[PDB]
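See below for model_30.cif, which holds mmCIF, C-alpha atoms.
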data_query
loop_
_atom_site.label_atom_id
_atom_site.label_comp_id
_atom_site.auth_asym_id
_atom_site.auth_seq_id
_atom_site.Cartn_x
_atom_site.Cartn_y
_atom_site.Cartn_z
CA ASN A 3 -46.42 -31.23 -23.51
CA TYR A 4 -47.47 -30.18 -20.10
CA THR A 5 -46.06 -31.62 -16.95
CA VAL A 6 -46.73 -30.78 -13.34
CA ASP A 7 -44.90 -32.98 -10.86
CA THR A 8 -42.69 -33.05 -7.79
CA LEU A 9 -38.97 -33.76 -7.52
CA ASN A 10 -37.53 -35.55 -4.47
CA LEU A 11 -33.90 -34.48 -4.18
CA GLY A 12 -32.78 -35.67 -0.73
CA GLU A 13 -30.80 -33.69 1.80
CA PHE A 14 -30.81 -29.90 1.88
CA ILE A 15 -28.93 -27.71 4.34
CA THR A 16 -29.91 -24.06 4.70
CA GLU A 17 -27.50 -21.20 5.44
CA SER A 18 -28.65 -21.42 9.07
CA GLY A 19 -27.47 -25.04 9.43
CA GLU A 20 -30.98 -26.55 9.33
CA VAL A 21 -31.91 -29.73 7.48
CA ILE A 22 -34.62 -31.07 5.19
CA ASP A 23 -34.13 -34.81 4.69
CA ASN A 24 -36.17 -34.92 1.47
CA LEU A 25 -36.24 -31.62 -0.43
CA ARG A 26 -39.42 -31.45 -2.54
CA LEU A 27 -39.74 -28.97 -5.45
CA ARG A 28 -43.09 -28.70 -7.22
CA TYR A 29 -42.57 -27.61 -10.82
CA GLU A 30 -44.21 -27.00 -14.17
CA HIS A 31 -42.59 -27.99 -17.47
CA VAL A 32 -43.83 -27.04 -20.92
CA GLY A 33 -42.32 -27.49 -24.35
CA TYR A 34 -40.07 -29.86 -26.23
CA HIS A 35 -36.97 -31.72 -25.38
CA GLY A 36 -34.37 -29.75 -27.28
CA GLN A 37 -35.67 -26.17 -27.27
CA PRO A 38 -34.08 -23.06 -25.73
CA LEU A 39 -34.76 -23.13 -22.01
CA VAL A 40 -36.47 -20.30 -20.21
CA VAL A 41 -36.54 -20.42 -16.44
CA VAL A 42 -39.06 -18.19 -14.72
CA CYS A 43 -38.59 -17.29 -11.06
CA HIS A 44 -41.95 -16.44 -9.53
CA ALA A 45 -42.66 -13.71 -6.97
CA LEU A 46 -43.68 -13.88 -3.29
CA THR A 47 -47.37 -14.48 -3.95
CA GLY A 48 -47.00 -16.60 -7.09
CA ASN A 49 -46.10 -20.17 -7.94
CA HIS A 50 -44.80 -22.59 -10.55
CA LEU A 51 -47.95 -22.39 -12.66
CA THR A 52 -46.44 -20.16 -15.29
CA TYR A 53 -48.27 -21.37 -18.34
CA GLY A 54 -51.04 -23.28 -16.63
CA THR A 55 -54.00 -24.93 -18.33
CA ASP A 56 -56.49 -23.74 -20.94
CA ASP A 57 -59.15 -23.63 -18.37
CA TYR A 58 -56.93 -22.34 -15.59
CA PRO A 59 -54.49 -20.13 -17.40
CA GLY A 60 -51.17 -19.29 -15.86
CA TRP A 61 -49.57 -16.20 -14.42
CA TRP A 62 -47.57 -15.67 -17.63
CA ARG A 63 -49.98 -17.17 -20.15
CA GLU A 64 -51.01 -13.87 -21.71
CA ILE A 65 -47.45 -12.90 -22.29
CA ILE A 66 -46.73 -16.23 -23.94
CA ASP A 67 -49.91 -16.33 -26.04
CA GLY A 68 -49.23 -12.75 -27.22
CA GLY A 69 -45.97 -14.08 -28.64
CA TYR A 70 -43.53 -12.02 -26.59
CA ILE A 71 -41.86 -15.25 -25.55
CA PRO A 72 -43.70 -17.68 -27.83
CA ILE A 73 -44.32 -21.30 -26.96
CA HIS A 74 -43.28 -22.43 -30.35
CA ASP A 75 -39.71 -21.36 -29.97
CA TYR A 76 -39.20 -21.97 -26.28
CA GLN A 77 -39.23 -24.52 -23.47
CA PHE A 78 -40.39 -23.34 -20.00
CA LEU A 79 -39.36 -24.41 -16.49
CA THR A 80 -40.52 -22.96 -13.16
CA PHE A 81 -40.15 -24.09 -9.57
CA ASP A 82 -42.37 -23.26 -6.62
CA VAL A 83 -39.84 -21.80 -4.19
CA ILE A 84 -39.33 -23.69 -0.94
CA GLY A 85 -41.42 -22.07 1.78
CA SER A 86 -44.28 -21.33 -0.67
CA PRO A 87 -47.55 -23.11 0.10
CA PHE A 88 -48.13 -24.54 -3.40
CA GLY A 89 -46.25 -27.88 -3.37
CA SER A 90 -42.56 -27.58 -2.59
CA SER A 91 -41.28 -28.25 0.93
CA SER A 92 -42.88 -25.66 3.22
CA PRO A 93 -44.45 -25.14 6.71
CA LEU A 94 -47.78 -26.22 5.20
CA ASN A 95 -46.23 -29.58 4.09
CA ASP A 96 -43.29 -30.14 6.39
CA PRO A 97 -43.77 -30.15 10.15
CA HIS A 98 -39.98 -29.73 10.62
CA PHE A 99 -39.45 -27.00 8.09
CA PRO A 100 -36.52 -24.69 9.01
CA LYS A 101 -37.13 -21.61 11.20
CA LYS A 102 -34.66 -19.40 9.29
CA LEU A 103 -35.04 -19.62 5.53
CA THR A 104 -33.19 -17.15 3.32
CA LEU A 105 -33.44 -16.22 -0.36
CA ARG A 106 -30.02 -17.72 -1.09
CA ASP A 107 -31.49 -21.00 0.20
CA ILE A 108 -34.46 -20.79 -2.14
CA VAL A 109 -32.11 -20.32 -5.05
CA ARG A 110 -29.77 -23.04 -4.17
CA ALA A 111 -32.61 -25.51 -4.00
CA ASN A 112 -33.96 -24.44 -7.37
CA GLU A 113 -30.57 -24.74 -9.08
CA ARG A 114 -30.40 -28.35 -7.83
CA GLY A 115 -33.93 -28.83 -9.21
CA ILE A 116 -32.89 -27.43 -12.57
CA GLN A 117 -29.99 -29.86 -12.62
CA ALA A 118 -32.13 -32.75 -11.35
CA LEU A 119 -33.87 -32.35 -14.72
CA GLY A 120 -30.98 -32.41 -17.14
CA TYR A 121 -30.46 -28.69 -17.91
CA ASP A 122 -27.19 -27.00 -18.38
CA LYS A 123 -27.82 -23.79 -20.26
CA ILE A 124 -30.60 -21.31 -19.64
CA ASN A 125 -31.33 -19.19 -22.67
CA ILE A 126 -33.71 -16.80 -20.84
CA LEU A 127 -33.67 -16.26 -17.09
CA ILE A 128 -36.62 -14.07 -16.03
CA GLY A 129 -38.23 -12.78 -12.85
CA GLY A 130 -39.62 -9.93 -10.83
CA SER A 131 -39.38 -9.09 -8.00
CA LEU A 132 -38.65 -11.89 -5.57
CA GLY A 133 -38.28 -13.62 -8.97
CA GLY A 134 -35.71 -10.99 -9.83
CA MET A 135 -34.01 -11.64 -6.53
CA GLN A 136 -33.82 -15.35 -7.34
CA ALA A 137 -32.52 -14.49 -10.76
CA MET A 138 -29.65 -12.30 -9.62
CA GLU A 139 -28.46 -14.78 -7.03
CA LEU A 140 -28.62 -17.61 -9.58
CA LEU A 141 -26.41 -15.57 -11.91
CA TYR A 142 -23.90 -15.15 -9.07
CA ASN A 143 -23.59 -18.83 -8.19
CA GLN A 144 -22.81 -19.37 -11.90
CA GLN A 145 -23.92 -23.00 -12.05
CA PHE A 146 -25.26 -22.27 -15.57
CA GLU A 147 -24.28 -20.53 -18.79
CA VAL A 148 -27.19 -18.11 -19.32
CA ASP A 149 -27.57 -16.09 -22.50
CA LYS A 150 -30.28 -13.55 -21.64
CA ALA A 151 -31.55 -12.22 -18.28
CA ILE A 152 -34.57 -10.02 -17.50
CA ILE A 153 -34.76 -8.63 -13.95
CA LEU A 154 -37.91 -6.67 -13.02
CA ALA A 155 -38.66 -4.57 -9.96
CA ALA A 156 -35.74 -5.75 -7.79
CA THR A 157 -32.47 -4.34 -6.46
CA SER A 158 -29.17 -5.38 -4.88
CA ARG A 159 -30.67 -5.53 -1.37
CA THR A 160 -33.89 -5.21 0.59
CA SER A 161 -34.39 -1.50 1.47
CA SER A 162 -35.39 -0.02 4.84
CA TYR A 163 -38.66 0.78 3.17
CA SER A 164 -39.19 -2.95 2.54
CA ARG A 165 -38.07 -4.05 5.98
CA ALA A 166 -40.47 -1.53 7.45
CA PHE A 167 -43.22 -2.93 5.22
CA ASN A 168 -42.31 -6.47 6.12
CA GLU A 169 -42.12 -5.71 9.84
CA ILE A 170 -45.44 -3.84 9.87
CA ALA A 171 -47.01 -6.83 8.12
CA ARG A 172 -45.29 -9.26 10.45
CA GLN A 173 -46.75 -7.49 13.49
CA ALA A 174 -50.30 -7.45 12.15
CA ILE A 175 -50.13 -11.21 11.70
CA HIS A 176 -49.01 -11.79 15.29
CA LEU A 177 -51.85 -9.61 16.59
CA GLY A 178 -54.54 -10.94 14.23
CA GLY A 179 -53.65 -14.25 12.56
CA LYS A 180 -55.63 -14.53 9.36
CA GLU A 181 -56.91 -10.99 9.86
CA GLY A 182 -53.30 -9.78 9.82
CA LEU A 183 -52.93 -11.41 6.42
CA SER A 184 -55.61 -9.02 5.05
CA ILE A 185 -53.69 -6.02 6.29
CA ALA A 186 -50.41 -7.43 4.93
CA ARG A 187 -52.19 -7.74 1.59
CA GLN A 188 -53.86 -4.29 1.80
CA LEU A 189 -50.52 -2.86 2.72
CA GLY A 190 -49.29 -3.13 -0.80
CA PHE A 191 -51.41 -0.29 -2.08
CA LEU A 192 -49.37 2.17 -0.05
CA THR A 193 -46.06 1.43 -1.85
CA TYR A 194 -46.61 3.21 -5.19
CA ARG A 195 -48.51 5.96 -7.01
CA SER A 196 -51.61 5.02 -9.02
CA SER A 197 -52.07 7.19 -12.16
CA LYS A 198 -55.29 7.55 -14.24
CA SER A 199 -56.45 4.65 -12.03
CA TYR A 200 -57.39 7.50 -9.79
CA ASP A 201 -59.40 8.67 -12.68
CA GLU A 202 -61.12 5.41 -13.62
CA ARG A 203 -61.52 4.09 -10.10
CA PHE A 204 -63.05 7.17 -8.54
CA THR A 205 -64.79 5.07 -5.88
CA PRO A 206 -62.85 5.63 -2.69
CA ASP A 207 -64.90 3.60 -0.40
CA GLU A 208 -64.77 1.41 -3.48
CA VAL A 209 -61.09 1.07 -3.64
CA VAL A 210 -61.14 0.48 0.04
CA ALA A 211 -63.94 -2.01 -0.45
CA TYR A 212 -61.94 -3.74 -3.12
CA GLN A 213 -58.87 -3.78 -0.94
CA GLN A 214 -60.87 -5.44 1.76
CA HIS A 215 -62.15 -7.95 -0.67
CA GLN A 216 -58.75 -8.87 -1.96
CA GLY A 217 -57.44 -9.07 1.52
CA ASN A 218 -60.20 -11.34 2.68
CA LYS A 219 -59.74 -13.75 -0.16
CA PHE A 220 -56.00 -13.85 0.36
CA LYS A 221 -56.31 -14.58 4.09
CA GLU A 222 -58.41 -17.73 3.27
CA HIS A 223 -56.17 -19.19 0.50
CA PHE A 224 -52.52 -18.46 1.39
CA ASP A 225 -51.13 -20.37 4.39
CA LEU A 226 -50.03 -18.04 7.20
CA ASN A 227 -46.83 -19.76 8.41
CA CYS A 228 -45.58 -19.89 4.82
CA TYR A 229 -46.23 -16.15 4.45
CA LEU A 230 -44.15 -15.38 7.57
CA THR A 231 -41.43 -17.63 6.20
CA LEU A 232 -41.36 -15.73 2.88
CA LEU A 233 -41.24 -12.39 4.77
CA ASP A 234 -37.90 -13.55 6.26
CA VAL A 235 -36.82 -14.53 2.76
CA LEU A 236 -37.33 -10.94 1.56
CA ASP A 237 -35.66 -9.51 4.68
CA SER A 238 -32.64 -11.74 3.93
CA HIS A 239 -32.11 -10.46 0.36
CA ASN A 240 -28.71 -8.88 -0.27
CA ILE A 241 -26.34 -10.02 -3.01
CA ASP A 242 -23.33 -8.35 -1.39
CA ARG A 243 -23.72 -9.89 2.09
CA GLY A 244 -20.56 -11.80 3.10
CA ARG A 245 -19.21 -11.06 -0.40
CA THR A 246 -16.59 -8.83 -1.98
CA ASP A 247 -16.60 -9.74 -5.69
CA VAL A 248 -20.20 -9.45 -6.80
CA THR A 249 -19.67 -6.68 -9.34
CA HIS A 250 -16.45 -8.35 -10.53
CA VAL A 251 -18.29 -11.57 -11.24
CA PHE A 252 -21.10 -9.73 -13.04
CA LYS A 253 -18.57 -7.73 -15.07
CA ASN A 254 -17.01 -10.96 -16.45
CA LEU A 255 -20.39 -12.62 -17.13
CA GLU A 256 -21.26 -12.71 -20.81
CA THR A 257 -24.99 -12.68 -20.02
CA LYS A 258 -27.12 -9.94 -21.51
CA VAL A 259 -29.07 -8.32 -18.72
CA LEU A 260 -32.26 -6.26 -19.06
CA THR A 261 -33.42 -4.40 -15.98
CA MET A 262 -36.95 -3.08 -15.82
CA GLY A 263 -38.08 -0.53 -13.25
CA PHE A 264 -41.54 0.93 -12.75
CA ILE A 265 -42.80 4.49 -12.21
CA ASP A 266 -43.19 6.05 -8.73
CA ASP A 267 -42.44 2.80 -6.87
CA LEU A 268 -41.16 3.09 -3.29
CA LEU A 269 -40.53 -0.66 -2.82
CA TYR A 270 -38.28 -1.06 -5.87
CA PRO A 271 -37.24 2.39 -7.09
CA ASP A 272 -36.34 2.70 -10.77
CA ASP A 273 -33.23 4.54 -9.63
CA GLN A 274 -31.93 1.35 -7.92
CA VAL A 275 -33.05 -1.42 -10.27
CA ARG A 276 -31.22 0.41 -13.11
CA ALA A 277 -28.11 0.68 -10.89
CA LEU A 278 -28.22 -3.12 -10.35
CA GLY A 279 -28.28 -3.66 -14.15
CA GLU A 280 -25.25 -1.43 -14.62
CA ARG A 281 -23.20 -3.80 -12.45
CA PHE A 282 -23.05 -6.29 -15.34
CA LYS A 283 -20.75 -6.48 -18.41
CA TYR A 284 -23.67 -6.41 -20.81
CA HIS A 285 -26.66 -4.47 -19.45
CA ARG A 286 -29.65 -2.37 -20.39
CA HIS A 287 -32.60 -0.65 -18.72
CA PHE A 288 -36.26 -0.02 -19.52
CA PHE A 289 -38.27 2.49 -17.51
CA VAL A 290 -41.93 1.45 -17.57
CA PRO A 291 -44.27 4.53 -17.23
CA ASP A 292 -47.29 2.84 -15.55
CA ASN A 293 -47.58 0.90 -12.28
CA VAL A 294 -50.46 -1.11 -10.86
CA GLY A 295 -48.17 -2.23 -8.03
CA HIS A 296 -45.16 -4.49 -7.67
CA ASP A 297 -47.55 -7.25 -6.87
CA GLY A 298 -49.27 -6.95 -10.26
CA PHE A 299 -46.50 -6.15 -12.77
CA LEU A 300 -47.82 -9.06 -14.87
CA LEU A 301 -51.22 -7.37 -15.18
CA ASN A 302 -49.77 -4.30 -16.98
CA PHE A 303 -47.60 -6.27 -19.45
CA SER A 304 -48.92 -4.14 -22.32
CA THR A 305 -46.64 -1.34 -21.17
CA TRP A 306 -43.42 -3.39 -20.98
CA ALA A 307 -43.68 -6.68 -22.90
CA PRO A 308 -42.90 -5.11 -26.30
CA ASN A 309 -39.54 -3.87 -24.97
CA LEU A 310 -38.92 -7.38 -23.69
CA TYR A 311 -39.59 -8.68 -27.21
CA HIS A 312 -37.24 -6.00 -28.52
CA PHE A 313 -34.57 -7.23 -26.05
CA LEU A 314 -35.17 -10.90 -26.88
CA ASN A 315 -34.43 -10.13 -30.47
CA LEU A 316 -30.80 -9.29 -30.23
CA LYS A 317 -28.91 -11.49 -32.63
CA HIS A 318 -26.21 -9.01 -33.18
CA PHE A 319 -22.91 -10.47 -31.97
CA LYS A 320 -21.75 -8.96 -28.67
CA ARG A 321 -19.71 -5.73 -29.18
CA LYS A 322 -16.76 -5.47 -26.76
CA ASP A 323 -17.77 -2.05 -25.29
CA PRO A 324 -15.06 0.55 -26.00
CA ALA A 325 -17.17 0.94 -29.18
CA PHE A 326 -19.78 2.44 -26.83
CA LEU A 327 -17.58 5.29 -25.71
CA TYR A 328 -19.57 7.13 -28.27
CA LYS A 329 -21.25 7.94 -26.10
#
Starting from the file, give its structure as structure tokens.
Amino acid sequence: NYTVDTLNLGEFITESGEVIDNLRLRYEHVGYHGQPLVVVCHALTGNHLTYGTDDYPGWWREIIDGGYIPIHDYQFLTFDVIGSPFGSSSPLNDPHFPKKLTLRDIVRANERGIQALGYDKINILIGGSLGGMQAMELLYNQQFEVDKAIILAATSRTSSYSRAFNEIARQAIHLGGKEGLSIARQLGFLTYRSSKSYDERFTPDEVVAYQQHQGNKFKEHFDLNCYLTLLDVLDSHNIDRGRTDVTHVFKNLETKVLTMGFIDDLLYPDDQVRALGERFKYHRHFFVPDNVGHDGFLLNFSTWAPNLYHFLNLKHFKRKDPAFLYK
């Protein structure tokens, strides 16, 4: 079954003390009543349409069709974050949408949306990289018992690199409106090393021309106010803020965590995503040796999905860890 609809969940108060009278969460559900739940947390530029249609396939469709997380064994739920322009409460929908939205807000709304629909356990929690940020917060609130977690291209807090990125983008938008959106979009190419893409796409002038083309599309289809909102969301990410016990919590969580980090990435360095994994009781890391950009980690699934599948297929009872002093 395939369902796309909108919850109405009443009053929501952000961290900043601002109010939405009727919190709306657009979502996509897919699968059968009783199956293991997988919750996907989408990334800044994505949305709830995880599986999508046959004619309009979804962000994750290829990964699901390829059988890495197969439809036949799983049930899928995904919310469009608040502030996104694709159906949930946002500046595009709500003329009194809060000025200061944080990531912790986005999460706390989605957990209420997960509970609105009667779920209790989450077998697989998955996201990168804003998705991964959602994921880690969610694990901290501990409103759910969650068996398996995959966190891709995200860390414990927004870096100075990312604030610089986000500020540079913010400025361009002030100066140029829609035109600033192109730059913001183009800006992403500067955050990572492209490998034999340099080979295949010779074509400078033709990369630049492609950049321009992607930027121009983006500036016509993604609402501007919402984008600025989501830039604050990123700037607000830090699991440790106002908190003392984050690691402690994570160290007594039974959840099996996989962290994935990508090669030569300045926005989300492998170094630091691995170190976030290692904060948990049960943790593991995969280093993925190709990178078409944080924004397109779905596009290069060939290089990482099989390790996901490997991870998903633990069905060895948890070992209590002093057995690992070896080494």
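As for atom CA of residue 45 of chain A and atom CA of residue 118 of chain A, they are spaced 22.2 Å apart.
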Go through segment 119-163 of chain A and flag each residue having an atom no more than 12 Å from segment 57-74 of chain A; for those, report the closest pair of atoms plus their distance in Å to one decimal, using only C-alpha atoms, ordered by chain and rising number, as a tab-separated table.
residue	atom	partner	partner_atom	distance
A:125	CA	A:71	CA	11.6
A:126	CA	A:71	CA	9.5
A:127	CA	A:71	CA	11.8
A:128	CA	A:71	CA	10.9
A:129	CA	A:62	CA	10.9
A:130	CA	A:62	CA	11.9
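By only C-alpha atoms, and with residues fewer than 5 positions from residue 111 of chain A along its chain excluded, the set lying at most 8 Å from it is residues 14, 25 and 84 of chain A.
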Print the selection's residues with C-alpha atoms to a file, as an mmCIF file, in the frame of the given file.
data_model
loop_
_atom_site.group_PDB
_atom_site.id
_atom_site.type_symbol
_atom_site.label_atom_id
_atom_site.label_comp_id
_atom_site.auth_asym_id
_atom_site.auth_seq_id
_atom_site.Cartn_x
_atom_site.Cartn_y
_atom_site.Cartn_z
ATOM 1 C CA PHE A 14 -30.810 -29.900 1.880
ATOM 2 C CA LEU A 25 -36.240 -31.620 -0.430
ATOM 3 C CA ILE A 84 -39.330 -23.690 -0.940
#
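Neighbouring residues of residue 112 of chain A at 9 Å or closer, counting only C-alpha atoms and skipping chain neighbours under 3 positions away, are residues 27, 80, 81, 82, 83, 84, 107, 108, 109, 115, 116, 117 and 140 of chain A.
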Residues matched by the PyMOL selection byres ((chain A and resi 287-289) around 10), written as JSON, numbers by chain = {"A": [152, 153, 154, 259, 260, 261, 262, 263, 264, 265, 272, 273, 275, 276, 277, 278, 279, 280, 285, 286, 290, 291, 292, 305, 306, 309, 310, 313]}
message = For the provided coordinates, the residues matched by the PyMOL selection byres ((chain A and resi 234) around 9) should be stated as a PyMOL selection string.
response = chain A and resi 102-105+168+229-233+235-239
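Nearest residue to residue 248 of chain A, choosing from A:282, A:299, A:121, A:34 and counting all atoms listed in the file: A:282.
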query = Got a sec to resolve the PyMOL selection byres ((chain A and resi 295) around 9) on this structure and send the residues as a PyMOL selection string?
reply = chain A and resi 190-191+193-196+264+267+293-294+296-299
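Counting all atoms listed in the file, the residue from A:36, A:134, A:54, A:48 that sits nearest to residue 120 of chain A is A:36.
For the choices A:124, A:284, A:139, A:150, the atom-to-atom distance to residue 326 of chain A is smallest for A:284 when using only C-alpha atoms.
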